[PDB]
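Visitor: sequence first, structure after, both from an experimental entry:
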2 protein chains.
Amino acid sequence: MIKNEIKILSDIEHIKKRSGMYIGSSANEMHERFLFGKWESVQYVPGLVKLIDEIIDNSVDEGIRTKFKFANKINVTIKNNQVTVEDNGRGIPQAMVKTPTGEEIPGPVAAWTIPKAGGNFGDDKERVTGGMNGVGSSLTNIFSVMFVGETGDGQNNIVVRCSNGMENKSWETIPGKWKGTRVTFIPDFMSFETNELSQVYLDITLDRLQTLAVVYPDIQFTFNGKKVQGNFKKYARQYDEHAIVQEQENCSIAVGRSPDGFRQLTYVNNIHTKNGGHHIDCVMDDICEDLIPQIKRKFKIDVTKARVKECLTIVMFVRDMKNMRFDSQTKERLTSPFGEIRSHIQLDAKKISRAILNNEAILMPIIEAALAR
Amino acid sequence: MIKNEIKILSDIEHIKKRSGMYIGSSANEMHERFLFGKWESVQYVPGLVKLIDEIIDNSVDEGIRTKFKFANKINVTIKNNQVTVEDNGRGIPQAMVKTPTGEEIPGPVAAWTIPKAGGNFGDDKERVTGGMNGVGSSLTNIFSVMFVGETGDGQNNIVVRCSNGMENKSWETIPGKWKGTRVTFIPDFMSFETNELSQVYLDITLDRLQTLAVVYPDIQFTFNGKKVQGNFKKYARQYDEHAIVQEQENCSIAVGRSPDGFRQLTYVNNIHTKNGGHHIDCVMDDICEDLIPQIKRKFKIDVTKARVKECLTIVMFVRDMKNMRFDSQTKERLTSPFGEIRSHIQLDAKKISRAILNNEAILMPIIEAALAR
Ligand SMILES: Nc1ncnc2c1ncn2[C@@H]1O[C@H](COP(=O)(O)OP(=O)(O)NP(=O)(O)O)[C@@H](O)[C@H]1O
Ligand SMILES: Nc1ncnc2c1ncn2[C@@H]1O[C@H](COP(=O)(O)OP(=O)(O)NP(=O)(O)O)[C@@H](O)[C@H]1O
Ligand SMILES: [Mg+2]
């Protein structure tokens, strides 16, 4: 008989025992991510990419919450299964904060050593950064053999050092004049199903850095000491040379061709909702409510919404969004209410619909495939 | 400027603030789901469905942990925005449990009021239960205006009463002789994007109860006092009359026809991974690696794996699967390693490939579509 004994778990212990809920999958798997604009087959562990992207997203959040004035040179380096992110933001405040137990724990150490502790817990309606869960940076270390974070406020330098899988930790304060953040850690391969950060992880990281540079032209991302140039037109042409691009103040969409199924790549603020959500669905619905009547008047053939939808590879970017509620800790599916997404996103469906109706490189393959079948 | 102040939250407060990662979505969205064998478009909040499925999963988990000797009558009732799940299982042990803070609290109250507490935290390679996180019933009690958990081990009735949305809790013990469990909660709609437990949610719960009675024939689930009859043959024929059925000791498969894209409904133990996972991908690979040479030799045509796959509707049921993990708390993607699932599942793909080849009612549409293009 199975021993049903009700146990009690601590936060660190629960996270280590139940990492699947907090970093997504933890075993190497196959996917079809858009690597550098190519729908190629990729094999990787979502946990490691998620942990790296946690710190990268923290740097991007520091950039965006300061209106890109501070934290605009995010030097991300990944060499020999070691991650090392640098940014020139305001950094962790040195102001004292109080734990529920009453113990006095400073800012950086509380942020980088305990979960459910972050600066994104304020008013949600005005939250613009990509962080909401207050867990995670916590996570690398929490999933790391060594994790040293060096913050500087221009007057003090705070070094938070953790080792033995976050079990050992210590924070120290030194006089200094640095202003920024330098988070460098080494992953723990005992948890994940891997032993080394191969070239594929660096390629995925470079792809997200390129996408973030395209999304945010102000921030100058750097990878392994090499600058990253952010231009949307080249990024969209990397998908298909005949892509149709429409930019707005908060929406930035591009339409390509999907010959072997359905494809997409969407970003909300600085979060890669790679499992879609409601924004892509709402945008595509609005586009189709204009295509279907127009294609009816033009080619006089009845086509369903899904038939047209399955032949487009939409790459779409959203900026300055608020209330980005997700459904997974990995934040892979934007589940914000459709009304809020429609209110914030001001994309003109008629413009893109007319643009792709006027082009023979996209509509004609759809028409030919429908007529042949 | 964005006011950046580090805040620290406990388990309950963080769950209330960040419910997205713990009950999936919280805004009523539209999917295309299998309701009563029909690929019907449905509109609902996944949060409430996950909330009910948590208690139902705990009941089924107790049942299987007793090897169906106990908790074999899971009477589930949903009336007037209220859920009442009763079973005749062993019940929660009265044994005292010591929290990390040192406080002494009973087992039922520890399970039903504070999260990260469960009896499923055994050796992760020996979990035969559909629960792994120790947060489920505590989660459903957090989002409940009222919640009464009445348990009995045959010697004493333990009643845990929670009210005003997790803020009020009170446990009591009375001499008694009842042996079983009864979880009755009324969900709180102030957080969810809904107002009442309308008929769609009852339909979804009844469909899941039918599915559970099909995969688990010993448990006599009764919905609103109405017995649910479980027969896999009729359940499969509900989808498609010409469906091909193959039953094994731990795996049950039913293959049909899909005219409007790809559809699937798969179950591992008692969890509806409605976004697929790694087991169904293994099934597809094993089926295609034998079907493709056969169709190539028969009809002298070349068809890709995706083209054949997308024209099928497969219903798959898996039981007694050990060491299963999920990328989300909602458990909608089984992220166990491919090798472990392949070792556990003893599917014979050659048999189903031969059966589908010998049928001219499902393969012929695929071949006709291939010849059309
Ligand atoms: N480069 C940086 N500059 C300034 N502050 C930083 C930087 N990196 C991290 N932080 C702070 O460190 C904390 C990190 O918490 P973290 O574990 O990443 O959860 P989070 O910030 O809420 N994001 P997420 O978990 O993705 O929702 C945040 O409160 C940030 O304020
Ligand atoms: N109705 C019940 N019958 C039998 N055992 C129960 C019941 N409710 C709770 N338990 C036990 O008490 C714990 C608390 O329930 P719950 O909060 O759902 O934890 P859990 O089962 O680990 N949840 P999850 O991992 O999300 O499926 C469970 O792990 C069981 O050990
Ligand atoms: Mg983030």
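Guide: Nice, I can see it. Numbers count the residues shown, from 1 in each chain, chains lettered A, B, ... in the order given. Ligands and ions are numbered 1, 2, ... in the order given.

Visitor: what pairs with the most centrally placed residue in chain A across the strands?
Guide: Nearest to the mean C-alpha position of chain A, by C-alpha atoms, centre = their mean, lies residue A:271 at 3.0 Å. Beta-bridge pairing for residue A:271 (DSSP bridges): residue A:268.

Visitor: repeat that for residue A:43.
Guide: Bridge pairing for residue A:43 - DSSP bridges - gives residue A:30.

Visitor: that one: what's it in contact with?
Guide: By C-beta atoms under 8 Å, 6 or more residues apart in numbering or on different chains, the contact set of residue A:43 is A:28, A:29, A:30, A:31, A:200. C-betas here are computed from N, CA, C, even on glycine.

Visitor: wait, the residue nearest to the centre of chain A touches residue A:331, no?
Guide: Yes - counting by C-beta atoms under 8 Å, residue A:271 does reach residue A:331; the two are 5.0 Å apart.

Visitor: list residues touching both of these two?
Guide: residue A:130.

Visitor: show me which of the contacts of residue A:43 is closest to ligand 1.
Guide: Closest to ligand 1 out of the contacts of residue A:43 is residue A:31 (20.8 Å), distances taken as C-beta to the nearest ligand atom.

Visitor: which one is the closest one nearest to, not counting chain neighbours?
Guide: Spatial nearest neighbour of residue A:31, chain neighbours left out: residue A:42 (5.3 Å); criterion: C-beta to C-beta, 6 or more residues apart in numbering or on different chains.

Visitor: show residues contacting stretch A:327-342.
Guide: Contacts for stretch A:327-342 (C-beta under 8 Å, 6+ apart): A:21-24, A:46, A:50, A:130, A:132-133, A:135, A:268, A:271-279, A:282, A:321-326, B:20-21, B:24-27, B:29, B:46, B:193, B:327-330.

Visitor: any idea how far the closest residue in space to residue A:310 that isn't next to it in sequence lies from ligand 2?
Guide: Residue nearest to residue A:310 in three dimensions, not counting chain neighbours: residue A:262, with 4.8 Å by C-beta to C-beta, 6+ apart. Going from residue A:262 to ligand 2 by C-beta to the nearest ligand atom, to the nearest Å gives 32 Å.

Visitor: one more: residue A:333?
Guide: 19 Å.

Visitor: I'd guessed residue A:228 sits against residue A:217; true?
Guide: No - judged on C-beta under 8 Å, residue A:228 makes no contact with residue A:217 at a distance of 10.9 Å.

Visitor: compare those two (neighbour count), which wins?
Guide: residue A:228 (18 against 12; other C-beta atoms under 10 Å in any protein chain shown).

Visitor: next up, the contacts around that one.
Guide: A:209, A:210, A:213, A:220, A:221, A:222.

Visitor: between those residues, which has the most around it?
Guide: residue A:221 (26 neighbours).

Visitor: in the stretch 1-150 of chain A, which residue sits nearest ligand 1?
Guide: Ligand 1 sits closest to residue A:131 of the stretch 1-150 of chain A, with a gap of 2.7 Å, by C-beta to the nearest ligand atom.

Visitor: distance check, that residue against ligand 3.
Guide: 5 Å (C-beta to the ion, to the nearest Å).

Visitor: what about the single nearest residue of chain A relative to ligand 3, neighbour count?
Guide: Across chain A, the shortest distance to ligand 3 (C-beta to the ion) belongs to residue A:57, at 3.2 Å. Per other C-beta under 10 Å, the neighbour tally for residue A:57 reads 23.
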